[PDB]
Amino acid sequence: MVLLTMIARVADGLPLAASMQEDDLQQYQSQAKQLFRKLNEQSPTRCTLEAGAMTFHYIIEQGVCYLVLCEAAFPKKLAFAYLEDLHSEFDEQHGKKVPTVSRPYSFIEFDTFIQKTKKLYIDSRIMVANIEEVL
């Protein structure tokens, strides 16, 4: 039940905003960028992928993909409620500038909202497939 959040433009897989904290990250960050590459206009718009002890969750809205990674025991109900919180905020703030940017991480400053929202879910107080297939 932990973290890895990434927001990417579905078309070319351009990264838009992300947030990661360690104290590995390299293997699952790669798998994430694989997903962004594969995803296109025919892909399921809400999905959950199984990576052994870990589990990817994503939704796709307005050509933008909101992806999260956590231990397989993290409540799938909450993983999607966390993505809706981000999408509504992100689409309200930059939804209309998304299709024009060309630099990677042109919205790093969305970092802040990601982590204040993230902490309201990693504190207790659709489709399913095996990620190895999709890749």
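We number the residues from 1 along the sequence you see.
- Coordinates are lacking for 4 to 9 deposited residues between residue 23 and residue 24.
- Here the stretch with the larger average CA B-factor, out of 85 to 93 and 38 to 46, is 85 to 93.
- The mean Cα B-factor in the deposited entry runs higher for 52 to 60 than for the other of 104 to 112 and 52 to 60.
- Of the candidates 68, 65, 78, 32, the PDB record gives 78 the highest C-alpha temperature factor.
- In the PDB entry, residue 4 places in the middle third of its chain by CA B-factor.
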